[PDB]
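Trainee: Let me begin by handing over the structure; questions about it come next.
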């Protein structure tokens with residue numbers, strides 16, 4: 003006894019109007035901006051079943067020759083990692099007579115497609131950050147669950163994921179985190195599998211005929227939306243997480259973000275990648291806490319972009335600020 | 001991962017007690033599918049276990065809907081509850097060899113449990129690190 | 001089976017009496033194998049056996065060169081005497097997950113046989129049929 | 005009283021604008037780091053700010069005097085003063 007399942011006359015009456023037909027200007031009131039989706043690169047899954055990756059793991063030991071002395075041959079042992087992917091789809095349903103009843107069909111589907119696009123962007127950003135294969139096996143693993151641990155004292159050289167996570171100290175149900183990532187072919191990028199195209203794939207399935215439990219066939223117009231996307235952490239030494247940032251102590255003057263940021267930059271790897279964009283991924287609370295006044311922004315066409323030590327600070331609305339406490343691998 | 005509905009043994013099944021799998025994958029012909037090109041599988045534990053003690057996770061295969069006489073193709077052993085967290089795999093990577101007619105997963109538990117779930121089933125490609 | 005020396009656990013090693021693999025693999029650093037691309041291995045009996053009750057070929061790994069910290073990556077189980085026949089693949093088709101610096105093969109036989117041999121190692125392409 | 009003509013500044017130093025009388029409690033935390041001074045002197049057991057598991061220190065501050073090491077929590081048990089005021 004409801005009216006929210008499929009699109010009804012009320013919705014088209016409320017969107018398609020203006021003393022006429024459908025509007026080409028539907029304002030996205032729920033449009034959480036996630037510039038992670040724009041900075042992140044994509045790459046076709048050439049391998050075929052799970053994006054593969056070869057990482058150097060051992061290094062040969064060169065030698066100095068002493069008056070015609072032999073140099074033993076050297077190996078170079080290599081590790082290899084597989085990055086599975088995941089797919090999201092969606093389906094529009096409008097009664098064909100309803101679509102025809104509105105003066106326009108292309109626009110009344112275009113705005114409904116923009117709605118689905120925004121929804122997919124939001125869900126994909128959320129799962130890109132907090133996407134876990136541990137609990138949702140149908141979800142490609144995001145940035146967080148690959149780092150839900152930390153070493154007490156960092157190793158001399160990065161040899162584990164836990165060696166790239168800084169424990170900011172904290173507890174409760176108000177902690178947050180910060181991500182410093184470099185987006186690159188050899189660092190990290192999106193993955194659209196083979197055959198499947200890159201990014202969102204709007205598909206307009208013309209007009210079709212439906213059914214019910216008792217005949218009742220009626221004509222519906224169905225728009226199929228799909229987006230496949232996998233996440234790969236190449237050279238994970240390019241990703242550092244600052245976990246357990248208590249937002250309560252952050253709003254007050256108990257912890258300073260600049261110390262955490264400098265520690266993270268210390269724990270990052272020096273940018274040498276060519277063509278690789280890099281950025282900071284921190285929620286609005288962090289940049290609010292950046293109200294501490308020489309670290310300064312930088313000239314890019316005079317834009318609302320902080321440039322912490324030559325690194326853009328992209329504030330992402332998807333970074334939820336009530337994470338779970340990150341344990342320590344003692 | 002793109003793990004799908006049909007060839008999937010259990011979806012978030014609690015098996016808190018000493019239960020067995022629900023979706024018994026049945027094949028009319030003894031293909032013994034592991035041969036040749038591999039097929040990835042998971043018995044990854046999907047949500048933590050609270051008060052169990054062992055989770056023997058046999059991969060029993062038999063020749064009848066009801067497993068009157070079953071055959072083991074992969075057993076995890078008496079895994080203590082201290083490891084039954086999320087992502088704790090309980091068998092080999094790819095499909096084993098010897099899947100005669102039917103396939104169901106056993107979940108012999110030493111004592112009962114108040115929490116625990118698994119997602120055993122076939123996966124197109126594994127997820128690692 | 002395209003076997004290879006310098007990556008072979010044991011070439012034509014005799015099994016009689018409890019013993020380990022003659023050759024212990026050493027992967028430079030403690031990095032991983034089973035993950036990513038599958039790596040086929042065959043701990044397979046080559047020559048037939050005798051009065052020995054069973055056999056327990058396990059794939060033990062350890063960080064140290066000498067194995068004082070045993071870690072079972074995969075176990076053959078207590079295979080009975082009858083099935084100790086030539087061509088019996090006693091362990092998993094592919095390399096299990098979690099390879100440390102070194103790996104060994106441990107043969108634990110219930111009793112001692114007058115016959116028995118095993119050729120274990122990693123092959124380029126595990127040959128079925 | 006009123007200010008008309010500014011001079012050199014950012015060096016005069018000033019007292020913290022905030023203030024409130026503290027009711028000591030064994031289980032009650034302060035949202036931000038606060039400084040407490042006893043109006044009548046006596047023993048005061050408190051919690052420092054940075055070390056998240058700091059146990060307690062008795063300060064035995066004189067009357068009107070200030071307790072150093074800006075305080076996270078003022079414990080009722082171990083406090084002899086009766087006129088604690090935060091700032």
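Protein chains in written order, with PDB author numbering: chain g, 3 to 295, 308 to 344; chain B, 1 to 129; chain C, 1 to 129; chain h, 5 to 91.
Cβ atoms here follow ideal geometry from the backbone N, Cα and C, with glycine treated the same way.
Given a limit of 7 Å on CB to CB distance, which residues of the region 64-96 of chain B reach chain g?
Mentor: Correct list: 86 and 87.
Trainee: Against residue 128 (chain C), what residues of chain B qualify as contacts under a CB-to-CB distance less than 8 Å, listed in chain order?
Mentor: On the third chain, position 128 is the one that residue 128 (chain C) refers to. Those within 8 Å of residue 128 (chain C) in chain B are 35 and 36.
Trainee: Run through the DSSP bridge pairs and tell me what residue 66 (chain B) is partnered with.
Mentor: On the second chain, residue 66 (chain B) is found 66 positions in, with the first residue counted as 1. None, per the DSSP bridge assignment.
Trainee: Using a Cβ-Cβ distance cut-off of 8 Å, determine whether residue 87 (chain g) contacts chain C.
Mentor: Taking the first residue of the first chain as position 1, residue 87 (chain g) is located at position 85. Answer no: the Cβ-Cβ gap between residue 87 (chain g) and chain C never drops below 8 Å.
Trainee: Among the candidates g:53, g:326 and g:202, whose CA atom is the shortest distance from the CA of residue 278 (chain g)?
Mentor: For this step, residue 278 (chain g) is matched to residue 276 along the first chain. Comparing Cα-Cα distances from residue 278 (chain g) to each of g:53, g:326 and g:202, the minimum goes to g:326.
Trainee: Terminal residues of the continuous alpha helix (DSSP H) containing residue 83 (chain h)?
Mentor: Reading the fourth chain from its first residue, position 79 is the one you call residue 83 (chain h). Here residue 83 (chain h) belongs to no alpha helix (DSSP H), and DSSP marks it neither H nor E.
Trainee: Which same chain residues end up closer than 7 Å to residue 41 (chain g) when comparing Cβ atoms and leaving out the 5 residues on each side of it in sequence?
Mentor: As a position in the first chain, residue 41 (chain g) is number 39, starting the count at 1. Hits under 7 Å: 185, 279, 281 and 328.
Trainee: Assign residue 189 (chain B) to one of two classes, buried (16 or more other C-beta atoms within 10 Å of its C-beta) or exposed (fewer than that).
Mentor: Residue numbering for chain B in the displayed model covers 1 to 129; residue 189 (chain B) lies beyond these limits and cannot be assessed.
Trainee: Listing by chain order, which chain g residues have their CB less than 7 Å from the CB of residue 125 (chain B)?
Mentor: Within the second chain, the letter at position 125 stands for residue 125 (chain B). 51, 52, 84 and 86, listed in chain order.
Trainee: Whose C-beta lies closer than 6 Å to the C-beta of residue 1 (chain C) among residues of the same chain, with five residues either side of it excluded?
Mentor: On the third chain, residue 1 (chain C) is found 1 positions in, with the first residue counted as 1. Correct list, in chain order: 123 and 127.
Trainee: Shorter than 8 Å from the beta carbon of residue 4 (chain C) to some beta carbon of chain g?
Mentor: As a first step, residue 4 (chain C) must be located in the third chain, where it is residue number 4. By this cut-off, residue 4 (chain C) is not an interface position.
Trainee: Name, please, each residue of chain g whose Cβ falls closer than 8 Å to the Cβ of residue 35 (chain h).
Mentor: Position 31 of the fourth chain, counted from the first residue, corresponds to residue 35 (chain h). In chain order: 250 and 254.
Trainee: Taking only the alpha-carbon atoms, compute the straight-line gap between residue 154 (chain g) and residue 339 (chain g) and give it to the nearest angstrom.
Mentor: Reading the first chain from its first residue, position 152 is the one you call residue 154 (chain g). Reading the first chain from its first residue, position 325 is the one you call residue 339 (chain g). Roughly 15 Å separates the two Cα atoms.
Trainee: As a quick exercise: from g:156, g:175 and g:44, pick the residue whose alpha carbon is nearest that of residue 236 (chain g).
Mentor: In the first chain, counting from the first residue as 1, residue 236 (chain g) sits at position 234. Comparing Cα positions, the closest option is g:44.
Trainee: For residue 100 (chain B), decide whether its Cβ has a neighbour in chain g, counting only Cβ atoms nearer than 8 Å.
Mentor: For the purposes of this step, residue 100 (chain B) is taken as the residue at position 100 of the second chain. It does not: the Cβ of residue 100 (chain B) has no partner Cβ on chain g nearer than 8 Å.
Trainee: According to DSSP, residue 106 (chain B) sits in a beta bridge with which residue or residues?
Mentor: Residue 106 (chain B) sits at position 106 when you count from the first residue of the second chain. For residue 106 (chain B), which the question treats as bridged, DSSP gives the partners B:20.
Trainee: Rounded C-beta distance between residue 113 (chain g) and residue 330 (chain g)? I'm assuming under 8 Å.
Mentor: Residue numbering aside, residue 113 (chain g) sits at position 111 when the first chain is read from its first letter. Residue numbering aside, residue 330 (chain g) sits at position 316 when the first chain is read from its first letter. No, residue 113 (chain g) and residue 330 (chain g) are not in contact; Cβ-Cβ is about 25 Å, not under 8 Å.
Trainee: I'd like the span of the alpha helix (DSSP H) that includes residue 250 (chain g), first residue to last.
Mentor: Locating residue 250 (chain g) in the first chain gives position 248, counting from the first residue. Element bounds for residue 250 (chain g): 249-253.
Trainee: For residue 13 (chain B), decide whether its Cβ has a neighbour in chain g, counting only Cβ atoms nearer than 8 Å.
Mentor: Start at 1 with the first residue of the second chain, and residue 13 (chain B) comes out as number 13. No - not a single Cβ of chain g is within 8 Å of the one on residue 13 (chain B).
Trainee: Quick check on this structure: which residue in h:55, h:80 and h:90 has the alpha carbon closest to the alpha carbon of residue 70 (chain h)?
Mentor: For the purposes of this step, residue 70 (chain h) is taken as residue 66 along the fourth chain, with counting starting at 1. Comparing Cα-Cα distances from residue 70 (chain h) to each of h:55, h:80 and h:90, the minimum goes to h:90.
Trainee: Let me check one thing: in DSSP terms, what residues is residue 202 (chain g) bridge-paired to?
Mentor: The count along the first chain starts at 1 and reaches residue 202 (chain g) at position 200. In the DSSP output, where bridge partners are listed per residue, residue 202 (chain g) has g:229.
Trainee: Going by DSSP, what residues sit across from residue 40 (chain B) in a beta bridge?
Mentor: Within the second chain, numbered from 1, the residue matching residue 40 (chain B) stands at position 40. In DSSP, residue 40 (chain B) forms a bridge with B:94.
Trainee: At least one CB of chain g closer than 8 Å to the CB of residue 29 (chain C): is that the case?
Mentor: Here residue 29 (chain C) refers to the residue found at position 29 of the third chain. Output row for residue 29 (chain C): interface = yes.
Trainee: Checking the sheet assignment: what are the DSSP bridge partners for residue 280 (chain g)?
Mentor: Position 278 of the first chain, counted from the first residue, corresponds to residue 280 (chain g). BP columns for residue 280 (chain g) point to g:184.
Trainee: For residue 193 (chain g), is the classification buried or exposed, using 16 other Cβ atoms within 10 angstroms of its Cβ as the cut-off for buried?
Mentor: Numbered from 1 along the first chain, position 191 holds the residue referred to as residue 193 (chain g). Under this definition residue 193 (chain g) is a buried residue.
Trainee: Is the beta carbon of residue 120 (chain g) closer than 8 Å to that of residue 33 (chain g)?
Mentor: On the first chain, position 31 is the one that residue 33 (chain g) refers to. On the first chain, position 118 is the one that residue 120 (chain g) refers to. Their beta carbons are under 8 Å apart, which means residue 33 (chain g) touches residue 120 (chain g) by this criterion.
Trainee: Taking the alpha carbon of residue 176 (chain g) as the point to measure from, which residue in g:75, g:287 and g:117 has its own alpha carbon closest?
Mentor: If you number the first chain from 1, residue 176 (chain g) lands on position 174. Of the candidates g:75, g:287 and g:117, the one whose C-alpha sits nearest the C-alpha of residue 176 (chain g) is g:287.
Trainee: Shortest alpha-carbon distance to residue 298 (chain g) belongs to which of g:228, g:336 and g:75?
Mentor: The model contains no atoms for residue 298 (chain g), which sits in the stretch where chain g goes from 295 to 308 directly.
Trainee: Do residue 196 (chain g) and residue 91 (chain g) have their CB atoms nearer than 8 Å?
Mentor: Counting from one through the first chain, the residue named residue 196 (chain g) turns up at place 194. Counting from one through the first chain, the residue named residue 91 (chain g) turns up at place 89. Result no, Cβ atoms of residue 196 (chain g) and residue 91 (chain g) do not sit closer than 8 Å.
Trainee: Apart from the five residues just before and just after residue 298 (chain g), which ones in its own chain have a Cβ nearer than 6 Å to its Cβ?
Mentor: Because chain g is numbered from 295 directly to 308, the model contains no atoms for residue 298 (chain g).
Trainee: In the DSSP assignment, the alpha helix (DSSP H) including residue 128 (chain g) goes from what residue to what residue?
Mentor: The sequence position of residue 128 (chain g) within the first chain is 126, counting from 1. Element bounds for residue 128 (chain g): 108-131.
Trainee: Taking the alpha-carbon positions, what's the residue 22 (chain g) to residue 7 (chain g) distance?
Mentor: In the first chain, counting from the first residue as 1, residue 22 (chain g) sits at position 20. In the first chain, counting from the first residue as 1, residue 7 (chain g) sits at position 5. Rounded to the nearest angstrom, the two C-alpha atoms are 26 Å apart.
Trainee: For residue 39 (chain B), go through chain g and note every residue whose CB falls closer than 7 Å to its CB, in chain order.
Mentor: Numbered from 1 along the second chain, position 39 holds the residue referred to as residue 39 (chain B). Within 7 Å Cβ-Cβ: nothing; residue 39 (chain B) doesn't reach chain g, min ~10 Å.
Trainee: Considering residue 193 (chain g), what are the terminal residues of the beta strand (DSSP E) in which it resides?
Mentor: Here residue 193 (chain g) refers to the residue found at position 191 when the first chain is read from its first residue. Looking at the DSSP string, the run of the beta strand (DSSP E) that includes residue 193 (chain g) is 190-194.
Trainee: Nearest by alpha-carbon distance to residue 103 (chain B): which of B:121, B:81 and B:14 is it?
Mentor: For the purposes of this step, residue 103 (chain B) is taken as residue 103 along the second chain, with counting starting at 1. When only C-alpha atoms are compared, the closest one is B:121.
Trainee: On the DSSP letters alone, give me the boundaries of the alpha helix (DSSP H) that residue 289 (chain g) sits inside.
Mentor: As a working note, residue 289 (chain g) is residue 287 in the first chain. Here the alpha helix (DSSP H) through residue 289 (chain g) covers 286-291.
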